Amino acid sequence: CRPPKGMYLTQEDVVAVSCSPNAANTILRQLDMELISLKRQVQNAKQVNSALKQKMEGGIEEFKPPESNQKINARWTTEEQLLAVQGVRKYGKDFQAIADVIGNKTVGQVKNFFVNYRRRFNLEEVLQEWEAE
């Protein structure tokens, strides 16, 4: 009913190999050429990838800034407000980043701040500015 398991034979493949006396060799050579042509091609990209691995030597540890683990505190000092306004100019509504900058403010009190002072600091104008970039 079906070819024994792991034997492979199709109408197309049988027709394919039979067409000509040599079609057999032909077909099997292309597969042999096409193999070496990928084996070499792997050889390259190995070296090539190994080149760029030499360029990443050391890693980025020597560039890791010192960490600041200062606790949240929801009391807005005037400079914290100022840092914020500037963040908006630099980040748009990325309130996560902005809070990262301010350092001791979660991501909400930032949205809060956004909508509390949005009139007095023209945070709409500050956004329109960030936007045009």
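Residue numbers here begin at 1 and follow the sequence given.
Here 68-76 and 94-102 are compared by their mean Cα B-factor, and 68-76 comes out higher. When the two stretches 56-64 and 81-89 are set side by side, the higher mean Cα temperature factor goes to 56-64. Among the modelled residues of its chain, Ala45 has a C-alpha B-factor that falls in the lowest third, as given in the PDB entry. In the PDB entry, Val17 places in the middle third of its chain by CA B-factor. Residue-level temperature factors show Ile27 in the lowest third of its chain, judged at the C-alpha atom. Remark: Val115 belongs to the highest third of its chain, ranked by C-alpha B-factor as recorded. The PDB entry assigns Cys1 a C-alpha temperature factor belonging to the highest third of its chain's modelled residues.
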